[PDB]
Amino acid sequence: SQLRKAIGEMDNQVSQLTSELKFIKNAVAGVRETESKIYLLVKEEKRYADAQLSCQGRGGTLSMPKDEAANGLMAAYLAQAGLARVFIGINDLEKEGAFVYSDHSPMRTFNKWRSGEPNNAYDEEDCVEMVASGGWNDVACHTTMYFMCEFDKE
């Protein structure tokens, strides 16, 4: 029974690592995870194109809320982090009025525009922000703020 205890201690090591890893994910990086996706808040004030490049560098894109569950998760994430606004992956940069997600997939029936939005304010708003409530608002791409990236587990 020499290997028995070596392996018991091994189990302990793996348990330990799992716990510390979970800690790093939750307490430090404050990440958010679904069954199929990971969501990450980056607390660096940037402009839209810079943000999309930063998300891409991390091997992801700006977050795309295509359904209620995602959007609600993002809203909760924003809530706990205690922020008013972040960039997300929606824009009508190519064709004004025609909004699309960061991956170029077209806009659909689901949305979360705040009342009166999108309003293309001063004909200079082609990017999209999410606010505390979870609602969307179009804003100027040259605006600078924090952002959220989205990752596929593939």
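Numbers follow the displayed sequence, beginning with 1.
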property: Greater mean Cα temperature factor according to the PDB record, 100-108 or 36-44; result: 100-108
property: 22-30 versus 46-54 - greater average Cα B-factor per the deposited record; result: 22-30
property: Relative C-alpha B-factor of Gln16, binned into the chain's lowest, middle or highest third; result: middle
property: Assigned third (lowest, middle, highest) for the C-alpha B factor of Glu129; result: lowest
property: CA B-factor ranking of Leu83, expressed as a third of its chain; result: highest
property: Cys141 CA temperature factor, ranked by third within the chain; result: lowest
property: Chain third (lowest, middle, highest) by recorded CA B-factor, residue given as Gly116; result: highest
